[PDB]
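First, one chain by itself: the form deposited in one PDB entry, in structure tokens.
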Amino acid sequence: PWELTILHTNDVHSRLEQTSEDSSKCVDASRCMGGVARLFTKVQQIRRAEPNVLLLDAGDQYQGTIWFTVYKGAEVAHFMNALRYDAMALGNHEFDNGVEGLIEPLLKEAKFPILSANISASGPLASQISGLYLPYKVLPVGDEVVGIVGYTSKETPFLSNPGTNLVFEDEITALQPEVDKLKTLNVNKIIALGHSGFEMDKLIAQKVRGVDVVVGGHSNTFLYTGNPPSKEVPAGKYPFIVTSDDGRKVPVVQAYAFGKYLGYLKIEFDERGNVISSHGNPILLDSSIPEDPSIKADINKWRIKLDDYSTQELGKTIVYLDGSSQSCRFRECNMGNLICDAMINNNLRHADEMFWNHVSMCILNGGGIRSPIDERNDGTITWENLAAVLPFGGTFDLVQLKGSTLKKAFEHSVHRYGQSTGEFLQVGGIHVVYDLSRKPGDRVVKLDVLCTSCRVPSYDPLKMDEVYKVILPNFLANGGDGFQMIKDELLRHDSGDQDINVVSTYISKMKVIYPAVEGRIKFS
């Protein structure tokens, strides 16, 4: 048998530095995890021991911390080059800065192929981008070759800013002929590497004839075989075995997110390229693995500009930004309004004639707002100020919730009102009225929401059976602050941009802000 070791990362999301266990800022270094310097160590160790190794990334290196804000992808090229990645698939977040922000710096600077078989361009862009990403790449490994075919979420236009000159084709439709082509070229070992989520990965494994292994991402899916090593709870075994339509067993892998783990899969192939066996597990990148000193030193050098950036003026406020708990856990607060307005602005995507924008609504728990910002420093707002407001390193995600669920969420928001608890909701694109004299669970007396399928945005009563797109913190999507109904009942969930970055971008764009309290939340 010919044995291949697939090392893989996905959804690293700008975690260049080691992080806390929850992937936020590293505070207690002796317990920190991940980061590229530690990843280097581990990959180097594995490559000393195993002869046939591929190191693959399944997309969404872009977006997640101040590294991406400042270096805009140059950090991704530079550090992925230094780890000698073999291939990367394009993720949705690779389009956050438009096509132009992908082409430079990542496509032009990567020393490894960047792949997606289901993205096509038209017009002058097609000529501009031709060959800068590829449907697949055939790589030599030992004395053999392995074909790697890429794919990207067809929902990318709703989840990033790819523009109107790129078309995201159905993955399976686009992949099959590329895999068929590889077979006619005598390439019998084929990895599908891509960025559409675990559920699509399993459909790819099932339906794309000739794929031997699927390496995925997007959904931040943790898979494990055995006792998990940290706090992440597995969605299934590693690898997850799919029985293909052609009758074969096809492993499917992912490795959570944020660079906390290195996916490690060993595949045995016969001479005809059939998978005989597959076994492995993600490897927790904890502090027992030393950070590579050279990589670390480079990271420390690159940090200097980040530190400088963090105290620069982003924009001005002429109003006090009231992020006090005495306000934001009790009533509409203007910091809440600002943040939810920035969340909707961040989620303006191209729309056809069906809607003015695909999403209009935002919720934000008051417990997520951790500081005010005083306007008396010549009105300046810096990233450092914003990091005090939003200190947890979270994202502002897009979910779909039935109106019933959202009504439950607002009843939860005030179920034990008066105790300064974190669940009280700040809003955008929603007007709510509470009557606190009613019984808990029956306190929402009006709930109106801004339409999307309309040419003129206006408010109408929430409908219990209708599904609404809502932007909200990943902390709430995951059931935090007691919002178990959101976790348990949501119909779709895609991770969004970094919290601080969302707000900082909105402030920069607006230049001078003046959020008011305006009656989004009232009490009878």
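Position 1 is the first residue in the sequence shown; the rest follow in order.
Keep in mind that the form deposited with a small molecule bound is not shown, yet the notes after this line are about it.
A heavy atom within 4.5 Å of the small molecule in the entry with it bound is found for one listed residue only; from 249, 207, 370, 266, this is 370.
When the small molecule is considered in the entry with it bound, only one residue from 159, 242, 179, 102 comes within 4.5 Å through any heavy atom, namely 159. Residues within 4.5 angstroms of the small molecule in the entry with it bound, judged by any non-hydrogen atom, belong to 218-226 and to none of the other stretches in 400-408, 75-83, 270-278, 218-226. The closest heavy atom approach of residue 365 to the small molecule in the entry with it bound falls within 4.5 Å. Shown alone here, residue 60 lies within 4.5 Å of the small molecule in the entry with it bound, counting heavy atoms only. Put simply, residue 475 is close to the small molecule in the entry with it bound: some heavy atom of it is within 4.5 Å. The small molecule is not drawn, but in the entry with it bound it has no heavy atom within 4.5 Å of residue 497. Taken together, 13, 92 and 96 are fully in contact with the small molecule in the entry with it bound: each brings a heavy atom within 4.5 Å.
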